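Chains, contacts and geometry: an overview
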Amino acid sequence: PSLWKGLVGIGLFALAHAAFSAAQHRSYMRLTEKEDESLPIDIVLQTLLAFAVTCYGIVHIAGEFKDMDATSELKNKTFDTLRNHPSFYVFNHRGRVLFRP
Amino acid sequence: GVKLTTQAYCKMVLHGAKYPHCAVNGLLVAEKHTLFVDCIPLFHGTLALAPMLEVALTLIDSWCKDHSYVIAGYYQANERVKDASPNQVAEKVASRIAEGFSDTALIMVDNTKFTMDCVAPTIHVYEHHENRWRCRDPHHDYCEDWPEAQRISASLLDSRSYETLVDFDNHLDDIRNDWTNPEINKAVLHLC
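Rules used throughout
Residues numbered from 1 in each chain as written, not as in the entry; some residues may be left out. Chains lettered and ligands numbered in written order. Part of a larger assembly, values for the part shown. Heavy atoms only, no water. Residues with missing side-chain atoms left out of burial classes, pairs and counts. Helix = DSSP H or I, 4+ residues; strand = E, 2+ residues; numbered from the N terminus. Rg over C-alpha atoms; globule rule 2.2 N^0.38 Å. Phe/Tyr/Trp six-rings, centres within 6.5 Å; stacked < 30°, edge-to-face > 60°. Pairing = 2+ DSSP bridges. Axes fitted to C-alpha atoms, helices over the stretch in contact; angles between N-to-C directions. Contact = heavy atoms within 4.5 Å.

Structure determination for this entry, per the PDB record, employed cryo-EM and reached 3.6 Å resolution.

Shown next, in the form of structure tokens:
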């Protein structure tokens, strides 16, 4: 369904928010200068979950596969279509006379 | 002495309108001055192929003898506007069907006179005598009720019933499409 597309959007948004959080946390260190050297569990969990949902949505957004066997889409092609030959059309048929000229 | 019903003429016009750009053909069945009680179409476009014609004729004979009719006429409408003479296919098919009953004569839908209301009788009836096929008198009366045929053909064409019409070729495409096409028959009954 189309909602899949919407899903991926929020995923990116989630990732974007993670970035902001990470940036802020970096400022934290740039003002604390302590031996933490570790991201908050909340931000990494949020980033990983956003990655998972965004990838799952993207896989759907990629599209639908197509079968290799050439007789798949040609199965429904009745003989009433392949014979038309659009380049070799002739307009000397009963259609013109029968219909309004 | 060839006589066909008004429903035969409306079926003629219906099949002509369904595939205006492609030459068509088919049969007309009657009970044993013969009166063609019913008709049936078959194929369009390419018509010189034998196997479809043979399988068709066999199915027509089976269906008719199961329900007491017998095939007694052949119709063919050509593709070209300025063409009104039978081709090899029509001549041989008419000769073969006429082998059973001598009263069988060919009919061809002259597409030059094909109009909305069918002001003049489009069909031309050809007889086989002296081993040659030649047309009858054009001034002869062909349909049983000419004003009725005119009005029913006009109503059917203006009702866009030609798209719904199904011939033998659509049955070949899918059996779910009824080749006996009783739908046009009930429409004829309702109109009459």
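Considering the overall build of chain A
Of regular secondary structure, chain A possesses four helices and zero strands. Counting from the amino terminus, helix and strand elements in chain A follow one another as α-α-α-α. Expected size for 101 residues packed as a compact globule is a radius of gyration near 13 Å; at 30 Å, chain A overshoots this value by more than 25%. Referenced to the eigenvectors of the C-alpha coordinate spread, the extents of chain A come out at roughly 90 × 35 × 20 Å.

Details of the packing of aromatic side chains
According to the stated counting rule, one finds five aromatic pairs over all chains in the structure shown. Measuring from ring centre to ring centre gives 5.7 Å for A:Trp4 and A:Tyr56, while their planes differ by 85 degrees; the resulting arrangement is edge-to-face. Here A:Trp4, found in helix α1 (residues 3-32), pairs with A:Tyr56, found in helix α2 (residues 41-61); they are 52 residues apart in sequence, far enough to count as distant. When the ring of B:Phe43 is compared with that of B:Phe168, the centres are 5.8 Å apart and the planes differ by 35 degrees; the resulting orientation is tilted. Placement of the pair is B:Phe43 in strand β4 (residues 38-44) and B:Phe168 in helix α5 (residues 168-173), with a sequence separation of 125 residues.

Some points on the sheet that holds β4(B)
Residue and element names in this part refer to chain B. Ordered in space as β4-β2-β5-β6-β7-β8, the six strands form an open sheet in which the pairing is mixed. The open sheet terminates on both sides in strands that have one partner only, identified here as β4 and β8 (132-135). Taken pair by pair, the neighbouring strands of this sheet meet at an average axis angle of 30 degrees, ignoring direction. Examined bridge by bridge, strand β2 (residues 24-31) and β4 share six bridges and lie antiparallel to one another. Looking across to β4, one finds that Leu-28 is bridged to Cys-39. Each of β2, β4, β5 (69-77), β6 (105-109) and β7 (123-129) is contacted by helix α1 (residues 6-18), which is oriented at about 15 degrees to β4, the strand it contacts most. Of the strands in this sheet, β5, β6 and β8 touch helix α3 (residues 88-98), which is tilted by about 170 degrees from β5.

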